[PDB]
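J.: 3D, please:
(one chain, ligands or ions: 3)
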Amino acid sequence: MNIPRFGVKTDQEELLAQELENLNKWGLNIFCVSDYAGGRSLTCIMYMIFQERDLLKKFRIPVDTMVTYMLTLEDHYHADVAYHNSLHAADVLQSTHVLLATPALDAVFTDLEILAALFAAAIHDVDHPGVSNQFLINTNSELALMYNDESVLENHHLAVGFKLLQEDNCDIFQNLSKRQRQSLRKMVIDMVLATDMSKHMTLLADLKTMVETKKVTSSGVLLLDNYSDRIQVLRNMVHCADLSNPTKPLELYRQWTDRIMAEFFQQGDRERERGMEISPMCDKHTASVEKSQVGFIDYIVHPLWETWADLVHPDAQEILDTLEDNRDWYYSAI
Ligand SMILES: O=C(O)c1ccc(-c2cc3cccnc3c(-c3cccc([N+](=O)[O-])c3)n2)cc1
Ligand SMILES: [Mg+2]
Ligand SMILES: [Zn+2]
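T.: Numbers count the residues shown, from 1 in each chain. Ligands and ions are numbered 1, 2, ... in the order given. Let me share the structure:
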């Protein structure tokens, strides 16, 4: 097969090249990347991030195998879902790619731990049906039964992400050793399960505790001596990336917000149709986009990021400021 310059076919290679100069920046505009990448934002951004970090050479990942898996992974995100489609995956991946390069964590993680984190981010919402875990539980769906109503979607994302490695020429980990494959899998399972919003409060509580006894070197670089601390940082890193929409430039944040509300509202219309209790913020007849974001930032997003900023101080001060600015805008927009 053919491997394009930026991993995917494009009729606007120059505009795409232009946007990709921001690959390692929080400011990257994934929406434009998607437009130029013909909708293959995940395959493109992932291809570029792996080249950027020299991961193909580092783990002896055949390039055609990488692109085949990525195309397959992206193909398994639902285009008919407003928010949880491949664009969200590409964004969380790209965001994680940036957070991994934070000064406070320089030289902290191995290439394998880095590989695991990016893979986790890329597959964290694959095959998402566009409805919450509770909806699946309330409808007695096959998935909820399969996973005992516990982290239903998250368990499914993991099962799919790993299963797709078995389609023709899709095993990107074929050349890793057995111990590396098992370590990677353990870390990935840990990170994706941590994206289940019902674990948010506990996660944040444990993160604050960790920040309390935070260890640093002379340069100000975090000191993570044991696996426990490294994976805890990685769990929270992916979680933050998953909830980074409010920390991005207002122009992008607003687009992300319209997508999530559209997905929520459709779940609500369906719950109404089936005579089900309408989930929080899913009733378009009463829910407010602006009101919801202010609350979301006030009680979920700002507390999380404020703690993250604390952990890698002062690396995320700018991100925090933007979040507060966006909070101000939505509040005044009410
Ligand atoms: O169960 C899940 O897997 C899940 C649930 C909610 C969100 C989510 C994403 C947002 C992205 C951008 C702005 N808002 C998002 C919100 C959200 C929007 C308004 C209010 C709240 N909230 O928690 O109050 C949350 N929720 C993602 C995943
Ligand atoms: Mg999810
Ligand atoms: Zn997500």
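
J.: these two touch, right, residue 38 and residue 11?
T.: Yes: between residue 38 and residue 11 a contact is recorded at 7.5 Å, counting by Cβ atoms under 8 Å. In this view, the C-beta of every residue, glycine as well, is placed from N, C-alpha and C.

J.: Give me the more crowded residue out of those two.
T.: residue 38 (15 against 8; other Cβ atoms under 10 Å).

J.: ok, now how distant is the more buried one from ligand 1?
T.: As for residue 38, its distance to ligand 1 is 25 Å (criterion: Cβ to the nearest ligand atom, to the nearest Å).

J.: does that residue count as helix, strand or coil?
T.: Secondary structure for residue 38, judged by DSSP: H, G, I helix; E, B strand; the rest coil, is coil.

J.: OK, contacts around it?
T.: Each residue near residue 38 by Cβ atoms under 8 Å, 6 or more residues apart in numbering is listed here: 8-11.

J.: do that again at 7 Å, thanks
T.: Residues in contact with residue 38 (Cβ atoms under 7 Å, 6 or more residues apart in numbering) are 8-10.

J.: possible to save the residues you listed as TSV with secondary structure?
T.: Shown next, in TSV, are the contacts of residue 38 (three-state DSSP):
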residue	secondary structure
8	coil
9	coil
10	coil
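
J.: which one of the residues you listed sits closest to ligand 3?
T.: residue 8 (21.7 Å; Cβ to the ion).

J.: what's around that closest one, how many residues?
T.: Residue 8: 25 surrounding residues under other Cβ under 10 Å.

J.: For residue 115, see how far away residue 301 is.
T.: Distance of residue 301 to residue 115, computed by Cβ to Cβ, to the nearest Å: 28 Å.

J.: Settle it for me: which of the two has more neighbours?
T.: Using other Cβ under 10 Å, the more surrounded residue of residue 301 and residue 115 is residue 115, with 24 against 21.

J.: That one reaches residue 53, doesn't it?
T.: No: with contact defined as Cβ atoms under 7 Å, residue 115 does not reach residue 53; the gap is 8.6 Å.

J.: separation between the residue in the stretch 151-300 of the chain that ligand 3 sits nearest to and residue 166?
T.: Nearest residue of the stretch 151-300 of the chain to ligand 3: residue 242, at 4.3 Å (Cβ to the ion). Distance, residue 242 to residue 166, using Cβ to Cβ: 26 Å.

J.: Ok, residue 300 next?
T.: Distance from residue 300 to residue 166, by Cβ to Cβ: 36 Å.

J.: same check, this time on residue 294
T.: For residue 294 relative to residue 166 (Cβ to Cβ), the value is 45 Å.

J.: which non-adjacent residue is nearest residue 312?
T.: Nearest residue to residue 312 in three dimensions, chain neighbours excluded: residue 104, at 3.5 Å (Cβ to Cβ, 6 or more residues apart in numbering).

J.: tell me the contacts of the one you found?
T.: By Cβ under 7 Å, 6+ apart, the contact set of residue 104 is 220-222, 312, 315.

J.: Need the buried ones from these selected in PyMOL.
T.: Selection command for PyMOL covering only the buried members of the contacts of residue 104, criterion 16 or more other Cβ atoms under 10 Å:
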select buried, resi 221+222+312+315
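
J.: possible to save the contacts of residue 104 as CSV with secondary structure?
T.: CSV is the format used below for the contacts of residue 104 (three-state DSSP):
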residue, secondary structure
220, coil
221, coil
222, strand
312, coil
315, coil
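
J.: From the contacts of residue 104, list the ones also adjacent to ligand 3.
T.: Filtering those for proximity to ligand 3 by Cβ under 5 Å from the ion leaves nothing.

J.: before we move on, which element is residue 43 in?
T.: Applying DSSP states H and E as the criterion places residue 43 in helix 41-52.

J.: Outside of the next helix or strand after that helix itself, list whatever touches it.
T.: Proceeding N to C from helix 41-52, the next assigned helix or strand is helix 55-58, under DSSP H and E. Residues from elsewhere that reach helix 55-58, judged by Cβ under 7 Å, 6+ apart: 50, 61, 63, 66, 111, 115.

J.: The same query, at a cut-off of 10 Å, please.
T.: Residues from elsewhere that reach helix 55-58 (Cβ atoms under 10 Å, 6 or more residues apart in numbering): 46-47, 49-51, 61-63, 65-66, 111-112, 114-115, 118-119, 172.

J.: Which ones among these map onto helices?
T.: 46-47, 49-51, 63, 65-66, 111-112, 114-115, 118-119 (DSSP state H).

J.: Make a ChimeraX selection of the buried ones in those residues.
T.: Here is the ChimeraX selection string for the buried members of the ones in helices among the contacts of helix 55-58, based on 16+ other Cβ under 10 Å:
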select :46,47,49,50,51,65,66,112,114,115,118,119
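
J.: Relative to residue 130, which of the ones in helices among the contacts of helix 55-58 is nearest.
T.: residue 46 (22.1 Å; Cβ to Cβ).
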